[PDB]
Every structure is written in C-alpha cells, then in structure tokens.
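Structural description and commentary
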Amino acid sequence: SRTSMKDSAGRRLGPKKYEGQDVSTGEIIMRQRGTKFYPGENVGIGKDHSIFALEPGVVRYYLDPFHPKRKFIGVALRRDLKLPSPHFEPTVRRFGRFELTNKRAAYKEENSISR
Amino acid sequence: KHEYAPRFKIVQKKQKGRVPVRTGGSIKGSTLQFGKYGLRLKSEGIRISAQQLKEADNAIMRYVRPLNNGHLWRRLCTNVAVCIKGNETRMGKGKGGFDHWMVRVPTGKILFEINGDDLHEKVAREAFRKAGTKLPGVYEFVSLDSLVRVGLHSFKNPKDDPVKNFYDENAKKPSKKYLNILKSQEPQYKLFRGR
Amino acid sequence: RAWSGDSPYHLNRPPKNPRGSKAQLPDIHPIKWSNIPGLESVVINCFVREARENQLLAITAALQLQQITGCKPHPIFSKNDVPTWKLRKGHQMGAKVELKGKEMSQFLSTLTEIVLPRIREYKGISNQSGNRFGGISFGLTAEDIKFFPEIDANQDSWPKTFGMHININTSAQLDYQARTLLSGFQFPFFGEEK
Amino acid sequence: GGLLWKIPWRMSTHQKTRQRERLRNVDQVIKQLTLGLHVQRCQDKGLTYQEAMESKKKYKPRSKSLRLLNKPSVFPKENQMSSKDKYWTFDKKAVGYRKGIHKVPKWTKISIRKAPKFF
RNA sequence: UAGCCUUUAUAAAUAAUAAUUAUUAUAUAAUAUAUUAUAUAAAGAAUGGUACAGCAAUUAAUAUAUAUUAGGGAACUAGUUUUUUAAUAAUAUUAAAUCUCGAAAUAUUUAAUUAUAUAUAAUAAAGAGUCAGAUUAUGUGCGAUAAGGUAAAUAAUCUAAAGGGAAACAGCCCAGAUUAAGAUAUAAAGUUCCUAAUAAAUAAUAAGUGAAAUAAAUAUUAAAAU
RNA sequence: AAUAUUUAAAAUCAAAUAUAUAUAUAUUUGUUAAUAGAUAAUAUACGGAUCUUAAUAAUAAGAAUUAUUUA
RNA sequence: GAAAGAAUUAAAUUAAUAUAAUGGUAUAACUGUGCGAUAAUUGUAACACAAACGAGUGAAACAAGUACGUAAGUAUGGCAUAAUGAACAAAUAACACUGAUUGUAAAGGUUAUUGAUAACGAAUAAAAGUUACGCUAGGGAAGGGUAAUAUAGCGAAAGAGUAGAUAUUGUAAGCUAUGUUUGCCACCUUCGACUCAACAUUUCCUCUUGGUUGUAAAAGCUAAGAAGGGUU
Ligand SMILES: [Mg+2]
Ligand SMILES: [Mg+2]
Ligand SMILES: [Mg+2]
Ligand SMILES: [Mg+2]
Ligand SMILES: [Mg+2]
Ligand SMILES: [Mg+2]
Ligand SMILES: [Mg+2]
Ligand SMILES: [Mg+2]
Ligand SMILES: [Mg+2]
Ligand SMILES: [Mg+2]
Ligand SMILES: [Mg+2]
Ligand SMILES: [Mg+2]
Ligand SMILES: [Mg+2]
Ligand SMILES: [Mg+2]
Ligand SMILES: [Mg+2]
Ligand SMILES: [Mg+2]
Ligand SMILES: [Mg+2]
Ligand SMILES: [Mg+2]
Ligand SMILES: [Mg+2]
Ligand SMILES: [Mg+2]
Ligand SMILES: [Mg+2]
Ligand SMILES: [Mg+2]
Ligand SMILES: [Mg+2]
Ligand SMILES: [Mg+2]
Ligand SMILES: [Mg+2]
Ligand SMILES: [Mg+2]
Ligand SMILES: [Mg+2]
Ligand SMILES: [Mg+2]
Ligand SMILES: [Mg+2]
Ligand SMILES: [Mg+2]
Ligand SMILES: [Mg+2]
Ligand SMILES: [Mg+2]
Ligand SMILES: [Mg+2]
C-alpha cells in the first residue's frame, strides 16, 4: 500500500518575549501565522508577521479601545508606564544619540555631508 | 432512518478514543424527551455497535408493533467508524479496513424510549428487559417520575438546576475584552478612531 | 433573533437567522404625507441567448435599447458556465439600461400609449408579479418591440429585433400599492391578486 | 499477567490508621503555617507573642494557595473527609470508577482529598 | 557534533533555585466620588485552548394529527376527509482526533522583595563515557478497551542501590551503606505460634465466605420508604 | 397490618464547621447483605499451623473475617 | 414638517486571496482605479528566533540611487508558512590582486553566473545475479504472554416440536470458562510407528437416579452422582 508517514516538523511559533521582560532593538517578541497580535507602539511587524521591538524597553501585552477585537503587543520606554498610553498626552520619545565631546570626532561629523 | 448508518460524504478511519466519563455532572441524553418509558445504561460507560443496537431495536419492535399508535424513539446514533485486520497479520502495516459503526454510551444516557395509547408499564418493562439482554452492559427502566442517573450510585433531579441569565453575570464580573468594547463605544474614542 | 442568555456559550455567539428567511426583511410603515408611493427607476434587461454564437447581436440589442429609450446602454456579460445551454463565461450576451426622471417618464408614456395597445392579445400585467417589497416586472417580445416609433420608422435597419424584461422600481412599501400607482399611470392588470 | 506484583486490592486496618495520621499531619502543617502568619501580622502591628496567640480576631491568609488550602471545599480536613475518599481514589479505567489509594505511586507523600461530586 | 559527566580557575558577579506582591470587588475609615489605609472575599499581573461543558457555525442523527414542493390513494367537470416518500422551513432532542460560541488545574513566564551562600548560574583551558534501555503509575496512536506487545509524552526506581516491607521478588511501598556502638524517636509493614511486637468500642458474616493476586451477566433468600 | 417504583445524602432529614452574640447564609459528612453461577491434568496450597465459643466452670477463652474508629 | 449630506449601528471574513491545509484579512492582506513599471536596486549589516555542525528565518540602523505621494511617508518582490542540492573538476564575464631570471604572457585568486548528486548531508566518471558444494567472525537484536480463532457453559427465548418457547430443540445478538486448535508477541535459537505408560474428567461401556402430549413394554433422547474396572 501507500504508507502515511510524511509530515513537517513543528514550526517553533509562539511568544518569544513575555510581559514585563526587557527588550532591545530588533528582538523578536512573537512569531505567528497572520496577525493574532497586532503591533502597538515602539514595535514593528515583519514579512511573516513577526513582532519585533524598535526601541529598548519593556514588553507589554494590551488592548486598545480604538481597535476593539484586536490584541496588541508593544514596548514601553519605562517600566512605570502603562502602555495603552493616554491619547491626548505627548508621545514618549527616546533621543538615543550621544553628544560627541571629542574634538576630532565632532570635526569629522561636522565635515561629513551627503553626496 | 440512518441512525445505524451515517451518511458522511467522505468516509474516514478514526482513532480508538475513550468513552467519556462525564465528571461535570452532564445530563445530556439522560432524560425522557420524546416518549413515556425508556431504557438507560446503569453500569460504567461502554461502547455499543450497530448490530447490537439493531437487535435491541427489533426486540422492542416485536412488542411495539402490536400497539395502538405506538412509537419507538432511538436516542443514539452510531457515529464512530471502526477498523479490523485479519488475524493472520503481523502488527503494523498501517490501519485496517472499515468494519462497523459504533457509539460511546456513558453511564446515564437513554438508548430507547417508547410510547403508546395501549401501552402498560409491565409490558414496557418486559420489552425493555428482553431488549437489554441483547446489549453489552447493564441496563434499567426509566419512567417520567424517575430521577436522572449522574453516576454509578448517584441520582439527581433536573428541577434542582437553577435557571440563571449569563448576560447579567458577565456584566457584574466583566471580561477585559468586554470592558474594552464598552470603552471603545465611548465618545472620546469613537470620535477620534480616524477610520 | 437573539440567543437567550440562559447558557454561558451564548455570551459571544452570533445572532440567529430570521425565523423563515436567511435574509432580513424591512419594516412596513403606515402611509403618511411624507412617504407616498412613487416611481423611482426603470431598468430594462435584454439578454440575447442567441448571442452566444454571434457577438454582434449584443451591439444590435444595445442599439435597440438606445433608440427606444435614449439613454446610454450598458453591456451584459456572461457570468456562469452552463454546458446544456452552451453558455460560456466572459462573453457579451446583451445590454441593459436604467432610466430615471423625464426619460423613464417618456419611456413609460410611450409604452402605454403606443406599444401595449398594439400587442395582439394583451390583458395587462399579472397581479402576482413583482418583488415582495415594491417593484413590478414584465416582459416584451420581438414583435412587441417592433411597435416602437423608431423601429417602425426604419424597419429596413431592423431585420432582427430582441425582447426584453422591464423592471419598474417604485417607493411602494408593498407590491399592491405599486400596482395601484401603475394603474393610475394606466397599466392594466388581469390576474388574480395574492 | 506474567510478573507478580502482589498488591492487594484493599488496605488493612493498620494501613488505614497510618493514612489517617498522615492526613492529620498535613492538616496540622497547614494550621501551623496560618497561625504563624497571623502571629507575624500581629507582631508587625505592634502586639507581642502572648496576646498575638490570645487575640480574639485571627488574621486570615491573603495568599491564593493558603486561602484555598484553608477552604474545606478545596482541601477538606481529615475529620471532614468521607471514609470512601480517605482510602479510595478516582480512576476512569477501573470497574466502579475507583481504585485503592494505596495503588497510587508514592501515596504516602502525595495528597488526594477530593473526587468528583457524583463519582 | 549537540545533549548528560569530570578537573582547574574568573571577577565592577547573585545574574541561579523557590515562593510572595502584582489583579477584581465589598466593608469601615480617613485623606484629597477618586484616591490612600486597614480587613475580608475571589483558583488572583501577561500567554494559551486540553479535560469538563456545549450544539453556536461546520460535519452527522431522531421526532412531529405544524407548514412549503412532487407523484398525487371511494363521489368526480378545477379542488378534500389524509396511522403517501423525499427535500426545505419551524420547534424539541442528540455527538466529533483533524468543532470550540463557555472554559479549569497543572503549565509557560516578567520585574522587585524575601530565603538558600559550607549554595546556584555564566565564562576560560582541558579530559571522557553514552547514542541496544526496562518496569510501575497517568494521558494516548496501532492491535481486538488482547499480550511480560509495540511507538512515543510528563514523574520515580533499576540501569549504577546495599538496608526494612511486598512469603520468595532488578523496576512496587519506605529509606540512600565513611567505621563502630546500640540508649532514644521512628518510616513502610506488622503485633495468636512459626516470628520482633496489642488491648478495646460499634455493627455485619455462619458461607472457613474471608484471612497479602476481589470472576461476569443472571437467579434465589433476606433488609425500609411512603 | 395489607396493595408496595427504588438500592438513593442530588433533593429532603440529622449532626458538625466559617461568618453571625433576638437568627440566618455558606460549607462537610451519613442510604444493604448471603448463597449459586465457579471451571483439568505430579500434590491439598490464606506462606504453614490454624482462625467463628459455651451455664454449671477453677489464675484463665470467646475471630486470627468485613466496615467505621479509639488508644 | 421635508429634502440633500455626513455618516453611525447590527451583520459579514461563509465570497475573494496565484496554488494544498492551517492561521490572518472589511482598519481589509479582497476588489476598482491614476501614475508607474520603479524597491523583482547597491556596500556594511547589529540584534534576535531557530539551532550539533552546515544551513534556515525576522530585521533596526548608516550610506548610493530610483518610483509613487500635496504631505506624512511606503516600497530591498508576492497576507504568511512548501516551490529544493555541499564541496571537487570544468565554463563565461568583470576586477587589477600575484605574474616562479626580467618584460609580456600562461596560470592562479577575488566578484558575478551555469549545469543536480530524487537512496535528495551528495562513496566512483564508471557495476547485476546464484550457491541444496560452500567457508570465517558474531547475534540468535518446542517453552512463556494473549485469547482474535477454536472448544464449553450460563442468562434470555425468535422459531420448530400435529397442540405448547423450555420432552427434544434454541439460528442474530449478551456474560463468562479452557489454554487442547489456527493465529498474534518476540523473554527464551522432528511427524508417524514400536515399548512402557502415569495423570485428569469435560463419563464411551459397566452401577445409582430425575425428566420425557413428546417415558404403555422393548429400544431410546436428555440430565444429576460416579474415575473401581474396562475401553480392537
Ligand atoms: Mg506541523
Ligand atoms: Mg463531550
Ligand atoms: Mg560528545
Ligand atoms: Mg475560547
Ligand atoms: Mg484534541
Ligand atoms: Mg531575583
Ligand atoms: Mg537508539
Ligand atoms: Mg516493552
Ligand atoms: Mg538514583
Ligand atoms: Mg549496561
Ligand atoms: Mg535493593
Ligand atoms: Mg506476612
Ligand atoms: Mg525477605
Ligand atoms: Mg478461603
Ligand atoms: Mg449535602
Ligand atoms: Mg491446586
Ligand atoms: Mg498571495
Ligand atoms: Mg481561511
Ligand atoms: Mg533560545
Ligand atoms: Mg548557527
Ligand atoms: Mg500586494
Ligand atoms: Mg597593479
Ligand atoms: Mg617569468
Ligand atoms: Mg584570468
Ligand atoms: Mg547515499
Ligand atoms: Mg539522507
Ligand atoms: Mg536535514
Ligand atoms: Mg552503485
Ligand atoms: Mg539437489
Ligand atoms: Mg411454536
Ligand atoms: Mg448464537
Ligand atoms: Mg461429573
Ligand atoms: Mg424402557
């Protein structure tokens, strides 16, 4: 006969970074088929709908009244911040860059311009 | 009349499974609904086959046909497929071929239930007894005044189950998604959704 | 219908279908000064089944519609594949046109005043016709289409002519109101009404 | 079939007595944990050991595990339990839906107190 | 090769292991309904769809002196009295490996705190063995709800574990032998003799039933509730 | 004392817990036996002995079975 | 009171998705449309997921240039998960790296590209059978378990039995017993005859007994006790 012994190995899907966990840029938070979890803020979504943090912070799972029937995963820039942040409140942003105190480095950056 | 031969479009082999043990106190199928006397399992949950059920059916029909407007209701359907293999075979080589249909009967379910204008309790008892002698478990007689068997040695009454609405319970102990929907219907979100 | 909340499984369960129908039906309001029935549109359907073998008959049918009505016809294209009828998909089988205002008024006036009186054995429109929420449909054959002024004027240019269905859409809440309205516009009715 | 694991289907009086004592011992452990938490709460509030023990108002535990273990409907005490559930445990592959609690592996250490209402 | 083991060490080291606080609500107070505080209740921060439960949608089953459709059953020149077959509605019942509208416990897992430091984790140099596994429990696939069967999934033990109990006993119950001693408290198991150690209470058995491997449908004789 | 389903702690009833001090809510537990069916091949196999009690009647026995328990 | 807007609510992902199945999708990922055909481009790629290796997957950011957009911005192929193959040896192009006395060459290297090892981590460019004449080194990679089958009993009784399910009989199904049969597992690698038999009883004969419109007698059928003797 024709034996039925063909199958594909389990795709290692599921949450790869849990709530309250600290994350850095690019780290993968969730691997999924389709958008079971949508991206919130400070987080992006890839070709295969992989959720990945865009800034350092703390991972939070939440729900947003603007998008009922939609789960969200996002990154809070501090632990003490509830992630479904108030709508009419200035966005929390991270400058990220550092000032070039070194004279030579400042000179090079000043003299570097685009094509 | 296909209770002993379901009409599945794609006939498919099925895994063995286990006969459910209803530890949540389920009484689905353990009440009289269509008739006035009935037959219910009394021993542990077991498996019945189409041939056995048909034999019990004709055993009861031998008593139900000689009646005035007498009817028999079959509460069970053989909705599981089973496979067999020849004895002169080594283990393995896949599954076998379809052999028969079967049904999983838990402890309290009712198999048959009958009614009739000229029906008499003693006649019903003898009919159901003779029918039970042709099935692979232990069976008992049920009337409209009889309690519902929820276990091997435990009965209960459907009137004890409280009637309660669940919308109100959900409202009083909301879910996070429900609260999110409610808070989405508020104007400060609806008026700014942007879609 | 809505599920009674006697079981928890009813919390997020989608609502049930209407009792007798798989589609919801509209409510019927009393007739008042603001909602009197009236004609809202007319649509003519011309499906030349013999165009399955000849695509030019569709153009001829469109010209028939344009001359009768005066509006721009719109093509009809096959959608289903039925072998017994030798109907493929994606081919031009006829034309349609929708009429409103003065143009539909003229079309109905000319119908009633010229064409319907010139039919051989015409008793009117069936009293058991029309969608149950306002709207009356009736057909015309090729010989009937030959009675229109434009065709009669230049018979030479009409070796073949095609029939068509006519759908009158009104504001009537129910069909009998639309029947009364059309009778006012002089449309005879012969059958026994529902 | 082949091996002889001569485990009798019913316990003896001595085995039953030992099982009763073990159940009671676990009950005592739970009681002592709750009492210690109460005395700690009193001492944190300011009282001393003597009137912490003599306090009319006993503080109940605020942890899920301790609260549930203290509820009789979740972890019934030995004297509350039934004779059936003291010695027999629920099995769905056995005639009568029961098996001797002494056929459970490591039965003198693990604890079973509750079986389904109608089983 | 990875996995499991071993030797020697490294610090801007506790990063490891375990549990608690996270929540919702009530009451009583305050402070400024909203908080904060105390007490209490709830299987109690985030993730998930198994049991259970259910028949929603899908896939299947039953019924009707209730309706639509078709051939249409004594009068008959189109229209019935009807325990007439099938399909579609209505109502009421049912189940499923590839059905979950409800939904556990265990579980995954986060920060801080507490406990474990005669202790974990990580890292550096270097050295192996192993890649035939076996039972006992609990969920399963196959087999026939067979096998001291076979295939994998959680413990545990044997493997590589002496000692007590299971009569005898690789895998079961308890407990891990550095060497002695033998006073004390014991685990599992037991206390008529063989054989270390017991005295009682309340009912039932009369069949040596049974007493350390419970054999079924059924039949007879006996027990109380109205 | 007679016609007499069912083998039950769900429901009711009775005792107890946690809140309550003039009483109520919630929770936990308590609902049958004996015999027959019975079943092979070196030898009866609870491990063996043996184990059910009885006035007169003496220091002095009366389950060593089953079900709940005590010291 | 009425028109025309803006839309809101319920329902819907069952249609459609380039292609299986699953997850996702109306805020559309589905559909229509204008530009466009551009990002189906170039040099570094952190960090994660997955993971023995070798490979695979998501991707922030820096730099060069494109297309669309008023702008914000989007685009490093397709809603996602399959659509594939190492190194050696050859071949084509570019690079300006080395040029075995020097110069150029030849040849090698770097960058890009091609052909498939489907036993699909691919022995070689290139390979089938037979031994009952066989040889060496090893492992075993009738008893034991099971009772589907076979045999036997029991419960119930549809039907035969001139009449009456139970004298006899008992046809599908139900509950068990044996381990004599045919199989199943893999712990453990001679059929018949002659001679002598020992043991069991599920008794063929011999003794005792119950039933039998179906025991008048005789001969029988069925069943209970019975293993002393006998059984070509
Ligand atoms: Mg898979
Ligand atoms: Mg179920
Ligand atoms: Mg290694
Ligand atoms: Mg769900
Ligand atoms: Mg499943
Ligand atoms: Mg810590
Ligand atoms: Mg191996
Ligand atoms: Mg094995
Ligand atoms: Mg060990
Ligand atoms: Mg070894
Ligand atoms: Mg040992
Ligand atoms: Mg002993
Ligand atoms: Mg020993
Ligand atoms: Mg005995
Ligand atoms: Mg109760
Ligand atoms: Mg013997
Ligand atoms: Mg696509
Ligand atoms: Mg889909
Ligand atoms: Mg990892
Ligand atoms: Mg790697
Ligand atoms: Mg696209
Ligand atoms: Mg050069
Ligand atoms: Mg040279
Ligand atoms: Mg070259
Ligand atoms: Mg190969
Ligand atoms: Mg390979
Ligand atoms: Mg591979
Ligand atoms: Mg080859
Ligand atoms: Mg030869
Ligand atoms: Mg007869
Ligand atoms: Mg038979
Ligand atoms: Mg005999
Ligand atoms: Mg005679």
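In the block above lies the structure referred to throughout.
These notes cover the structure that comes with them. (Residues numbered from 1 in each chain as written, not as in the entry; some residues may be left out. Chains lettered and ligands numbered in written order. Part of a larger assembly, values for the part shown. Heavy atoms only, no water.)

1. Let's talk about the overall build of chain D
Here is the rule: For helices the rule is a DSSP run of H or I covering at least 4 residues; for strands it is a run of E covering at least 2, with both sets numbered from the N terminus onward. Between buried and exposed lies partly exposed: a residue is buried under 20% and exposed over 50% of the maximum accessible area for its type, with that area taken using a 1.4 Å probe on protein chains only. Between two residues, a contact is recorded if the distance between any of their heavy atoms is within 4.5 Å. In this description, accessible areas are obtained by the Shrake-Rupley approach with a 1.4 Å probe, and a residue is regarded as covered only by the protein chains that are shown. In this count, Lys and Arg are taken as positive residues and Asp and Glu as negative ones, while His and the chain termini are left out. We put the charge of a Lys on NZ, of an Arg on CZ, of an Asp on CG and of a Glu on CD.
In terms of regular secondary structure, chain D is built from four helices and two strands. If you list the helices and strands of chain D from N to C, you get α-α-α-α-β-β. Counting only C-alpha atoms and orienting by the principal axes, one finds that chain D spans roughly 65 × 30 × 20 Å. In chain D, which comprises 119 residues, the proportion classed as buried is 27%. Considering only contacts in chain D between residues 6 or more positions apart, those separated by 24 or more positions represent 52%. Total accessible area computed for chain D in this model is approximately 8900 Å², and 56% of it derives from carbon and sulfur atoms. If you average the places of the 31 positive and of the 8 negative side-chain charges in chain D, the two averages end up 9 Å apart.

2. Focus: the interface of chain D and chain B
Formally: Buried area: the sum, over both parts, of the accessible surface (1.4 Å probe) that disappears when the two are put together. By definition here, a salt bridge exists when the distance from a side-chain nitrogen of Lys or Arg to a carboxyl oxygen of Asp or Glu is within 4 Å.
On the side of chain B, 13 residues touch chain D, which itself brings eight residues to the contact. Both sides of the chain D and chain B interface together cover about 840 Å² of buried area, and 73% of this is carbon and sulfur. Ranking the residues of chain D by area buried against chain B places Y97, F118 and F119 of chain D at the top, with a combined share of 71%. At the boundary of chain D with chain B, the tally comes to zero salt bridges.

3. Here we look at the interface of chain B and chain C
Interfaces are often sized by the amount of accessible area the parts lose when they come together. We count it as follows: What qualifies as a polar contact is a pair of N or O atoms within 3.5 Å, subject to a donor-acceptor requirement within protein and to the restriction that residues adjacent in sequence count only when both atoms come from side chains. In this classification, the charged set is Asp, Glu, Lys and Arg, the nonpolar set is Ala, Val, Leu, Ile, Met, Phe, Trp, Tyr, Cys and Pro, and all remaining amino acids, among them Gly, are polar.
Residue-level contacts link six residues of chain B with nine residues of chain C. Interface area, chain B with chain C, both sides summed: about 550 Å², of which 59% is carbon and sulfur. In this assembly, chain B and chain C are joined by zero salt bridges. One can count three residue pairs in polar contact joining chain B with chain C. Of the residues assigned to the side of chain B that touches chain C, the class counts are two nonpolar, two polar and two charged.

4. A closer look at the protein's contact with RNA strand F
The line we're drawing: When at least one non-hydrogen atom of a residue lies within 4 Å of a molecule or strand, that residue is treated as near it.
With respect to spatial proximity, 24 residues lie near RNA strand F, and among them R125 of chain B together with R20, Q80, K86 and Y87 of chain D are the closest. A share of 89% of the atoms of RNA strand F within 4 Å of the protein falls on sugar and phosphate groups. Residue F155 of chain B places a main-chain N or O atom 3.0 Å away from a base nitrogen belonging to RNA strand F. In the model, a phosphate oxygen of RNA strand F is placed 2.5 Å from a nitrogen or oxygen of the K86 of chain D side chain. For the surface near RNA strand F, the element with the highest residue contribution is helix 4 (residues 83-87) of chain D, accounting for four residues. The residue makeup of the surface near RNA strand F, split by class, is five nonpolar, five polar and 14 charged.

5. Quick word on the pattern of salt bridges
Under the defined criterion, the tally for this structure stands at 20 salt bridges over all chains. Ionic pairing is found between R74 of chain B and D57 of chain B, a salt bridge with its closest N-O pair at 2.3 Å. Of this pair, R74 of chain B sits in strand 3 (residues 71-74) while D57 of chain B is found in helix 1 (residues 50-64), placing the two residues 17 residues apart along the sequence. Residue classification places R74 of chain B among the partly exposed residues on the basis of a relative accessible area of 24%. The exposure class of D57 of chain B is buried, given its relative accessible area of 0%. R52 of chain C is the salt-bridge partner of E53 of chain C, the closest N and O atoms lying 3.8 Å from each other.

6. Section: the protein's contact with RNA strand E
Taken together, 95 residues form the shell around RNA strand E, and within it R18, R22, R67, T108 and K109 of chain D come nearest. Within 4 Å of the protein, atoms of RNA strand E come from sugar and phosphate in 69% of cases. Here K177 of chain B contributes a side-chain N or O atom positioned 3.5 Å from a phosphate oxygen of RNA strand E. Elements supplying a minimum of two residues to the surface near RNA strand E: strand 4 (80-84) and helix 4 (176-184) of chain B together with helix 1 (13-45) and helix 3 (64-70) of chain D. Considering every element that reaches the surface near RNA strand E, the biggest residue donor is helix 1 of chain D, with six residues.

7. Observations concerning a nonpolar patch on the surface
This is how it is decided: Surface patches are drawn from residues lacking salt bridges whose relative accessible area is over 30%; two like charges belong together within 9 Å, two nonpolar side chains (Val, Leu, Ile, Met, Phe, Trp, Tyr) within 5 Å.
Taken together, the side chains of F88 of chain A together with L191 and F192 of chain B define a hydrophobic patch exposed on the protein surface, amounting to about 370 Å² of accessible area. Among the structural elements, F192 of chain B can be located in the segment after helix 5 (187-190). Residue classification places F192 of chain B among the partly exposed residues on the basis of a relative accessible area of 42%.

8. Some thoughts on unusual backbone geometry
Most peptide bonds adopt trans geometry, and most residues besides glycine take a negative phi value. The backbone phi angle of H49 of chain A is positive, close to 60 degrees, even though this residue is not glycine. A positive phi is found at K106 of chain D, a non-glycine position, where the angle reads about 50 degrees. A relative accessible area of 61% places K106 of chain D in the exposed class.

9. Comments concerning helix 5 (residues 175-184) of chain C
The periodicity of an α-helix, 3.6 residues per turn, causes residues three or four positions apart to be oriented the same way. Residues and elements named next belong to chain C. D175, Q177, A178, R179, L181 and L182 are the residues of helix 5 that are buried. Its buried side turned inward, helix 5 meets strand 1 (39-47), strand 4 (136-140) and strand 5 (164-170). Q186 lies just past helix 5 and shows a positive phi near 65 degrees.

10. Quick notes on the nonpolar core
Residue and element names in this part refer to chain C. Put simply, the test is: Only buried residues count toward a nonpolar core, which is a set of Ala, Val, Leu, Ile, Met, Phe, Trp, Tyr and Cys residues joined through side-chain atoms within 4.5 Å.
The biggest cluster of nonpolar side chains holds 36 residues, and the ones touching the most others in it are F107, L111, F148 and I166. Sorting the residues of this core by element identifies strand 1, helix 1 (56-69), strand 3 (92-99), helix 2 (102-115), strand 4, strand 5 and helix 5 as the ones contributing at least two each. Take this core: its biggest share by element is five residues, from helix 2. Apart from residues lying up to four places away in sequence, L111 is in contact with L116, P117, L140, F148 and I166.

11. So, the pairing of strand 8 (residues 71-76) of chain A
All names here are of chain A. What counts, and what does not: When DSSP locates at least two bridges between a pair of strands, those strands are taken to pair.
Among the six residues in strand 8, five count as buried, and that is most of the element. As defined by bridge partners, strand 4 (residues 37-39) adjoins strand 8 across three bridges and the pair is classed as parallel. Within the sheet, the bridge partner assigned to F37 lies in strand 8 and is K71. Pairing of strand 7 (residues 57-63) with strand 8 involves six bridges; the strand directions are antiparallel. Following the sheet pairing, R60 is matched in strand 8 by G74.

These results come straight from atomic positions and should not be treated as a statement about function.
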